[PDB]
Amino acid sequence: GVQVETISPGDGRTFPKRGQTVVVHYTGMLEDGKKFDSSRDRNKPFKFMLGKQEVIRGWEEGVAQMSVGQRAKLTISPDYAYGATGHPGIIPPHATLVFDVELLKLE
């Protein structure tokens, strides 16, 4: 599954709704701590539409639990990420992922 561990709370009122565009900054790391990607390194907030399953299951469910302004650590088991396949070139098979996520806004 996915665990959300708050670093800094959001407003506690404004949560992602199906069909909204969710805007975040993130850093992704393997379970060992090696960074594989970060939106902050390219200074480009990452966007996705909630409910489209455009992102891994751990994001869909984890980020939906966050409110605007919140910063949190998402720990995502392989089955809620890239599973047995991994993603070639970047995510090995059976990888637990750890993300730092900041929910910037909803549009």
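Under this definition, the rigid core comprises the largest set of C-alpha atoms superposing within 1.5 Å between the forms. All residue numbers are counted from 1 along the displayed sequence.
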(message) Comparing against the shown form in 6 other deposited structures of this protein, which stretch has the larger RMS C-alpha deviation after a rigid core superposition, 19-27 or 81-89?
(response) 81-89
(request) Report the stretch with the higher root mean square CA deviation, pooled over structures and residues in 6 other deposited structures of this protein, choosing between 28-36 and 64-72 after a rigid core fit. (result) 28-36
(request) Using the B-factors recorded in the PDB entry, average over the C-alpha atoms of 51-59 and of 25-33, then report which stretch comes out higher. (result) 25-33
(message) Averaging CA B factors per stretch from the PDB record, which one is higher: 77-85 or 62-70?
(response) 77-85
(request) Pull the Cα B-factor of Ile7 out of the PDB entry and bin it into the chain's lowest, middle or highest third. (result) middle
